[PDB]
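Here is what each chain is made of, one letter per residue.
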There are 4 protein chains.
Amino acid sequence: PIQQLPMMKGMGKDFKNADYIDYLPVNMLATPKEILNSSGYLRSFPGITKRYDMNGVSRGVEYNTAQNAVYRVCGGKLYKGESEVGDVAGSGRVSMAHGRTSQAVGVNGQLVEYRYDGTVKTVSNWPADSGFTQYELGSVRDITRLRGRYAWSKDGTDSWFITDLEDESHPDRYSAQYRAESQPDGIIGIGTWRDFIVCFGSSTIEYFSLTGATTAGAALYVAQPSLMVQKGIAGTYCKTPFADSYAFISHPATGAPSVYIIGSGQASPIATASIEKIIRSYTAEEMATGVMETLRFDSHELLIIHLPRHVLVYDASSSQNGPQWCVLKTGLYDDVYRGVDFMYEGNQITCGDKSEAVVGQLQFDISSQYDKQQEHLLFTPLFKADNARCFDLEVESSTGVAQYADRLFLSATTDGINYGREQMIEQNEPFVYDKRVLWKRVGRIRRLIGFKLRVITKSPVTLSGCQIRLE
Amino acid sequence: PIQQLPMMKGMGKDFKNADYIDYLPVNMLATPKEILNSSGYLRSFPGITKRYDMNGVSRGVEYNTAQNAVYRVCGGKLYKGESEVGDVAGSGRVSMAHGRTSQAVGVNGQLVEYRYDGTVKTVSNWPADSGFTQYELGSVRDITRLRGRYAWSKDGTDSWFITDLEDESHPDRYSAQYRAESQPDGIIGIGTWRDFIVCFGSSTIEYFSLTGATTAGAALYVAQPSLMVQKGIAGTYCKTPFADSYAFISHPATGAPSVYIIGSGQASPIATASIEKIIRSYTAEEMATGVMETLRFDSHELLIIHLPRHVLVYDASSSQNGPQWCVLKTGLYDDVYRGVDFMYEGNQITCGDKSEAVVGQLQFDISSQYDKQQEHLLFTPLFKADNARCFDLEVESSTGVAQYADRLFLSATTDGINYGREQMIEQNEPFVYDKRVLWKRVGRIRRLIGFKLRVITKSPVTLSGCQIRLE
Amino acid sequence: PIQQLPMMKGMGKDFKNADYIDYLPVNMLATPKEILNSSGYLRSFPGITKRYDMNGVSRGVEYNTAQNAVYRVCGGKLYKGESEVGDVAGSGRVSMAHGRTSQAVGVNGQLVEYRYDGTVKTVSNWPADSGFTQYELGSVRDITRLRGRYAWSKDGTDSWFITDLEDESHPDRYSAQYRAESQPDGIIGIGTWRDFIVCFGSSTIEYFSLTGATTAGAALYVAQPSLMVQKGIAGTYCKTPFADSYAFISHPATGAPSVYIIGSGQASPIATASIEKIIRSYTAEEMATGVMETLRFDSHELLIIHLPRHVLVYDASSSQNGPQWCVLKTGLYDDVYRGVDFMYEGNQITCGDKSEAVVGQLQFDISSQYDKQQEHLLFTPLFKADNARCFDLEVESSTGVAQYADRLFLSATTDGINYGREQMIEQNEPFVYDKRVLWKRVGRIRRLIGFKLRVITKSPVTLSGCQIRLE
Amino acid sequence: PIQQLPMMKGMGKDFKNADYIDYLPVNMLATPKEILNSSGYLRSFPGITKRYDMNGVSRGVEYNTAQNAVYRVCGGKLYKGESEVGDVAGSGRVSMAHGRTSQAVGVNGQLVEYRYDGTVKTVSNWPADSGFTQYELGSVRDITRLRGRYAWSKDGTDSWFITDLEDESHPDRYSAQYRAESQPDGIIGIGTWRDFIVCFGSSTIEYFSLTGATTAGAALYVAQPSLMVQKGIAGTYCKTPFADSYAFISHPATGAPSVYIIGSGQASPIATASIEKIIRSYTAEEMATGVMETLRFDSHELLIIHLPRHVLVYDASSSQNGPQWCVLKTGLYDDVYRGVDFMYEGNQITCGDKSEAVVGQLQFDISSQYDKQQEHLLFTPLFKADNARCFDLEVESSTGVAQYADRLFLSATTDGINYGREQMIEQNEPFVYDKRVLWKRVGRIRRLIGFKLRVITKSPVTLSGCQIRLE
């Protein structure tokens, strides 16, 4: 009796409250693909190699379509590709946008626009000598671009302003200010969906479209409430354009936070119970500091969430059985993944660094992050096999590329929390394309059994078809 | 052969009229998840531990997003989070709402607005010195906030008034009064769905939307009869926003009451026959005093209904086989649950109280309510097993987190009403994570059998995979 | 135990990064059709036979529906059918359009019209002697014709222009210039979908429809934000009208490139993981030069993509079990397919070339390309058949038509990368319609096996129903 | 083992290029009906009996609904029923339409209207004396009727004209000219769908609807952009209203030709690979002259296509397993079918002729065509049954009506191209209604086998339930 044991998502116990949680694979992505008796394998997340040296840590990224180039806010500078372009003050995540003639950064309550010629302007109210209207331009929270205009949200005042058409450095001459107003308050995030300006408050999401009215003083944008979503975002960067709408993290004004994808007037959950427990473990502070990103490679459509202790990745392409949430980490003791600000340009994916003044290029035939080996985990769900002796635990591993004959630590838990001794069995060998990763004699299963299957490598780990002989 | 006994929802006979009623789990919530040969388990409701001491029993709660904090009315005082920020009259349940400028409370037929600057105002007619209209303001029943306007309902006269845009303490200058008028009577409750003011009468629910009219005296709301729901609500607090619309308890004006949810112009019942009987056991009084509310955590989307003698919790996330109701109680003798007015703030769910001037914070590690142990029940449906001779009653109980090796009273019934002897079996023990809760020799089924499985603990109870060996 | 081995798509490993990839048939198209316990066969791509001598390598092709002919810009000359009708500058791929009065070619930023009466004009601004507007006509990127207007995109400036209705040599008198305006940049290509002008930038695709305005100065086209797709195309020639919309290769401005088909406001991916890896192997240069075409014959709806080192054909009529991709090549050492710019005229399909000044006509009873024998490759997915001996490896081939008894090399791999001994079996014989191609004794699968099944011929190859006896 | 062999569609090989092709039944229609263990039978196409003697071969047919009679243009005269009502000069197929006052024929580039009072008029420009508009009424290609107006096209110009409402012999006084205009060219055919004038060009099909405008000079018809099909037609007679939309043969401008049905802005292919190969067997000419028509009898929904060498019938009522194409022919040696221009009147279906100056009436109780015996084929798909030793080939035939005991040539192929020895089994008998057509001993299958089952009679042939015994 040969039984296949899935490894795309484990199952275990929480020793702090005795609940049943899922074990998420670490540094691995599930690729659904019929290889041999498997219908899907697991691939190690690609490794990072140093590419450029920047001024400091990474603070923002954006693919400027106008110049067809990637802009990075790394430290106290601003970069077009490799070359520095300007100086940016501040010490954290800064919003980014770009238009026909400039690249704008929202930072320090300011909208600072670096023009391609070399001059740096700042958004300010029109000079008083003009007869043009004046507004209380407070602190800039989030900026975005639509139809040749910069749209930015005032810090916690439910109001957003659009810049002038023929002067991006000043608001519109006559009508520039708009209110969401279908709510008590909140303007935490701003973005552009398709042709609507989307304003994510707390417990509300609003859509604004152009009126087309040309008379002076008339409002150009009109709120569309037929698209109103009754849920807000946790922080300014807890929003992202994922598939055809926005994936966001919900705000505690509407119950426990979760991860959602905007539909058509409604938001649908993406998080699982374990993911929601992970999110609830954070406070509203350090919940508001979370970041969200996307990648697209090898038909992998990944959405990443960075939180001060966990980097979670949700693969939209491998969730036919339910959401497939994996974890990313650096080192061997659950540190936070250093990669952040992933942008694909040319034919390479590049990322910033959370701790060092470098920029890496996410190479594929390795698994080490900046020449440092990493740790991969693959947990098997618990199952009841009372009084069953087990033998011949096999895993089909794609071998051949390795700088060393890397081993694997196999161990088995009998309660879901506590694991037994780790046996070392080789799973890769340099230029050996047939390896047969196998353990002959596993023990007897008293009540429960689950397997850990840990790997430490500098090389890619491809694993599929974990099978067991239960007799 | 082995047979798996469901525990989420049992069967029994009601001896008042010899009917077939349902037995609902007490203090247990059904969490649907494939653990091992189970596809779902049952977990104790999180315990309540003391957080704050207040002036009296809770009377109303809201999440002021303008001040991003939980506002609570305990006793005669008003609290913004923890600190007292006002005083409230009366002793019954009060309505709550909030806006940019103030936090409004509906109490004693008045709309009392506590402004954030420290001034307490009350909604009243404009002074006769104005050139503005005088409306016949009656007693305020329910209030809501929308688009920077407080909308309140006159007492039992079908009429509802909206406040003025720039003076919130007075009705609108020219058009502040509106009527349902597709009805003989009823303004029992008022709410805001998406941007529609929703007026719940008895035997009707009406939707009003902003007209956009600008001329003086023109109506600022128009009824949308395409969305009318032909069913009312029993009391003023017999409705809450559940999924994307409201869930309410229907009025005796449209047949026997039960729990409904607005669809799109229609209502779909949620209560099963047993919940319907429980509701029918109350008069129109003690039903108009019911208080509904919502809660959400770990994907659990609970709708909680407090009546004078019951607390019924409907889990929408685990209703794949039909509506899943459970009973919440305090003590060992079906005394009504003490927690009330749950709101999620920061990263914790805080709840008021019904009998003492305390506020608790819903700890998940424990199951005791203010250091008091609680009785948990789990009934198994009756089945016909003539001459079966059962053996090996097993339950997979998640153990490990406990303060004492708490036991479990297992008992069996043969007619569905009276239960036999209770045997104590250790269902848990501190710091052991492999227990095998099991009773070897169950009796012989003559005609019918059912099981009770009662637990009294200060620690969480997690039960799954109930099975028997029927031979 | 007779087992059937699918041929339409094999499986192997990429030894560079040790990841599982698909193996696609070389010069073989899968036709789904019930034949003999198979339901589908594999037929070689039609051969190319000399038709015409042209000026040089082909640069563009179109079907003049006005003249009911085929216009081919080969080398520096322009040919209507076989006879030269004009002279063309430049050396790269040129845009082509045609109308009731002329045939326009976009080349070197110019819109040169060759009219049917023997006159050559160039699109240019109106003479200043008139009062008609002078636009900033820059460099023409890509051109099209719709509703009696030549519309062309200005290179690198997000703007496009339409010619006048009464003189195709000049832009419109008053309203000739339009802008996408929903994007910081990108005007990579233009086209006509049904009656909309489609503008493909990077990260956006916009649709314009005629307003019907009559007065001067009013815009004659308005955008359609309802039909806009949030995805750009990589290159100017990376789009082709496939089924009822355009299939295109996306832009690095939206992540990794891949092949899409437009639906209604969204693009449905068509490439698989192996195709995406193949595309990513190129850079933005050598990606912006990929040329896409559409063929149609014998219920085959092919989409052909020419890249510097890959000619990938997607068969939309045989993609029931997932996308069906194959590869076309010339020679025996993975050189690129030489045919390009396929067009159906009369009852024959003609093709240009990439290396010689020739034009061929795609005969159906040969597989040779210009009297040169070609290499045809099939593949079988790896399967795990431990300790199993293979016998009677039989393949069904429709023989009879050949000028030689062509042989077939059969070989097997045990790891997916390195293939072993190649045995030659006579797979065809002239004027013999019953051959029974099979290999009696195959070896013993220790762990894995996969078969190569390579054919070199100057005659058509048909194969289906590969089966083994596994015992 | 008794195996049932389908007969409605065989399989074989094409010895020209060794490709698998369908074998379509000849002179046989597949009627889906549960007879007995068969669920469908095959009935010979009804024979033609002489009805009338006319001037020459038929050049047109129509059902004048105003006159309630069939108008046939045969030879050099126009016939109403069996009577002569005018002269038409020409040789090719003519277009026909009719109205309250006339029967119009498009012939020799002229719209000749034969009025029911006996006067022959011709559509031409208004006499110059009146102030009405003068148009460039060139040659006439396709004509039709709508709302009492004759609509015809101009040869190879994209323009088409409607006649005046009151004087049909002249175009409309003020607005009579319109253009398809959404295409470089193509006005190949005209027709009327429901209230829309349909213009089928090459590469586009356009729909025009009445505006109802009243002021002089205002356009009466406006294009409908939502109903446009991006597919052309090959010839002017390669279209016909089939069920509720148009059936047509595509043009070379949009790929290889195939048979399509108009949906809603899209065309759904109806031809198979074999039919498409047959279609490209012809040139652009010899396909421009194909004539499509429709037949409706016995719940049979036939779409008939006449070409120089084929007559293909697609039955839409018997296409539950894909398209059901069959072939009609005259004589015994693939001579093309002689019947043409079918029209049902009274209780009889009447057809003209392709070679003779006669008209027949499709008698159902015979299969002879003008008292000439006809040949019916019924091929069976190839199947592999290596070493089968088949016996007991039984065909269920409905006998009884015949003038002679017509026999049956049964033969078997072993390679799909070449058929072997033919045996004569007596298939019918006069007034014997219970026959059991059966052949006891059939051979031993080496690799492949298929059957021919050819019949030559003058009486109807009904064959169903072909079964064999394999052992």
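Determination of this PDB entry was carried out by cryo-EM to a resolution of 3.1 Å, according to the record.

Taking the PDB entry as the reference, chain A is identified by name as Packaged DNA stabilization protein gp10 belonging to Salmonella phage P22.

### Observations concerning the sheet that holds strand β7 (residues 58-64) of chain B
Residues and elements named next belong to chain B. In space, the 4 strands of this open sheet follow the order β7-β8-β9-β10, with antiparallel pairing throughout. The outermost strands of the open sheet, each flanked by one partner alone, are β7 and β10 (83-87). Going from strand to strand, the sheet's axes swing by 25 degrees on average, the running direction of each strand aside. Across 5 bridges, β7 lies against strand β8 (residues 69-74) in antiparallel orientation. Its bridge partner being in β8, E62 is matched across the sheet by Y71.

### A few points about the relation of the copies chain D and chain C
With an axial shift of 0.0 Å and an RMSD of 0.3 Å, the rotation relating chain D to chain C amounts to 60 degrees. Viewed as a symmetry operation, the transformation between the two copies matches a six-fold axis. Relative to the rotation axis, the C-alpha of D:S226 is the closest in chain D, positioned 15 Å from it.

### Here's the deal with the packing of aromatic side chains
The description of two aromatic rings rests on the distance between their centres and on the angle between their planes. Counting across every chain of the model gives 83 aromatic pairs over all chains. Between the aromatic rings of B:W160 and B:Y221, the centroid separation amounts to 5.2 Å while the plane-to-plane angle is 45 degrees, which identifies the pairing as tilted. Of the two residues, B:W160 is situated in strand β17 (residues 159-162) and B:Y221 in strand β22 (residues 221-223); the sequence distance between them amounts to 61 residues. With respect to burial, B:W160 and B:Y221 carry one shared label: buried. Across from the ring centre of B:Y237, 5.4 Å away, lies the NZ or CZ of B:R93, which sits over that ring. The positively charged end of C:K452 is found above the aromatic ring belonging to C:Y419, 4.8 Å away from the centroid.

### Here we look at the sheet that holds strand β30 (residues 325-327) of chain D
Residues and elements named next belong to chain D. Ordered in space as β27-β28-β29-β30, the 4 strands form an open sheet in which the pairing is antiparallel. Two strands in the sheet have a free side with no partner beyond their single neighbour: β27 (291-297) and β30. The sheet shows a mean angle of 25 degrees between the axes of neighbouring strands, taken without regard to direction. Here strand β29 (residues 311-315) pairs with β30 via 3 bridges, running antiparallel. Looking at the pairing, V313 lines up with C326 of β30.

### Quick look at the side chain of B:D164
Residue and element names in this part refer to chain B. Tracing the sequence through the fold places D164 in the loop between β17 and β18 (177-179). Residue class for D164 comes out buried when judged on its relative accessible area of 3%. Within the structure, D164 has its side chain in polar contact with the side chain of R173 (distance 3.3 Å). Residues contacting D164, with those up to four places away along its chain left out, are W126, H170, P171, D172 and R173.

### Describing the interface of chain C and chain A
Taken together, the contact pairs 52 residues of chain C with 41 residues of chain A. Surface buried jointly by chain C and chain A totals about 4,000 Å² across both partners, of which 47% is contributed by carbon and sulfur atoms. Three residues, C:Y20, C:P184 and C:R280, lead the burial of chain C against chain A; their summed loss comes to 18% of the area buried on that side. Seen at the junction of chain C and chain A, the total is 9 salt bridges.

### Comments concerning the environment of B:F15
Residues and elements named next belong to chain B. Residue position: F15 is located in the loop between β2 (10-14) and β3 (19-23). The class of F15 is exposed, set by a relative accessible area of 60%. Remark: the alpha-carbon pair of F15 and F409, spanning 394 residues in sequence, is separated by 23 Å.

### Considering the pattern of salt bridges
One pass over the full model with this rule turns up 126 salt bridges over all chains. Ionic pairing is found between A:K384 and B:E394, a salt bridge with its closest N-O pair at 3.7 Å. With A:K384 in strand β36 (residues 383-384) and B:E394 in strand β38 (residues 391-397), this pair bridges two chains. Each member of the pair, A:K384 together with B:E394, is buried. Residue A:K435 pairs with A:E426 through a salt bridge whose shortest N-O separation is 3.3 Å.

### Things to note about the interface of chain D and chain C
Of the residues lining the interface, 54 residues belong to chain D; the matching set on chain C comes to 40 residues. When chain D packs against chain C, close to 4,200 Å² is buried across both sides, 45% of that on carbon and sulfur atoms. Our enumeration of links across chain D and chain C arrives at 9 salt bridges. Its salt-bridge partner being D:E276, residue C:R296 comes within 2.3 Å of it at the nearest N-O pair. Seen at the junction of chain D and chain C, the total is 20 residue pairs in polar contact. Contributing elements (two or more residues each) for the side of chain D that touches chain C: β2 (10-14), β3 (19-23), α1 (273-280) and β37 (383-384) of chain D. When residues of the side of chain D that touches chain C are assigned to their parent elements, the largest contribution, 4 residues, is made by α1(D). Residue composition of the side of chain D that touches chain C, grouped by class: 22 nonpolar, 16 polar and 16 charged.

What counts and how
Residues numbered from 1 in each chain as written, not as in the entry; some residues may be left out. Chains lettered and ligands numbered in written order. Part of a larger assembly, values for the part shown. Heavy atoms only, no water. Pairing = 2+ DSSP bridges. Helix = DSSP H or I, 4+ residues; strand = E, 2+ residues; numbered from the N terminus. Axes fitted to C-alpha atoms, helices over the stretch in contact; angles between N-to-C directions. Least-squares fit on C-alpha atoms. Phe/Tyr/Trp six-rings, centres within 6.5 Å; stacked < 30°, edge-to-face > 60°. Buried < 20%, exposed > 50% of the residue type's maximum accessible area, 1.4 Å probe, protein only. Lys NZ or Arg CZ within 6 Å of the ring centre and 35° of its normal. Polar contact = N/O pair within 3.5 Å; in protein donor to acceptor, adjacent residues only side chain to side chain. Contact = heavy atoms within 4.5 Å. Buried area = accessible area lost by both parts, 1.4 Å probe. Salt bridge = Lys/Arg side-chain N within 4 Å of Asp/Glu carboxyl O. Nonpolar A, V, L, I, M, F, W, Y, C, P; charged D, E, K, R; others polar.

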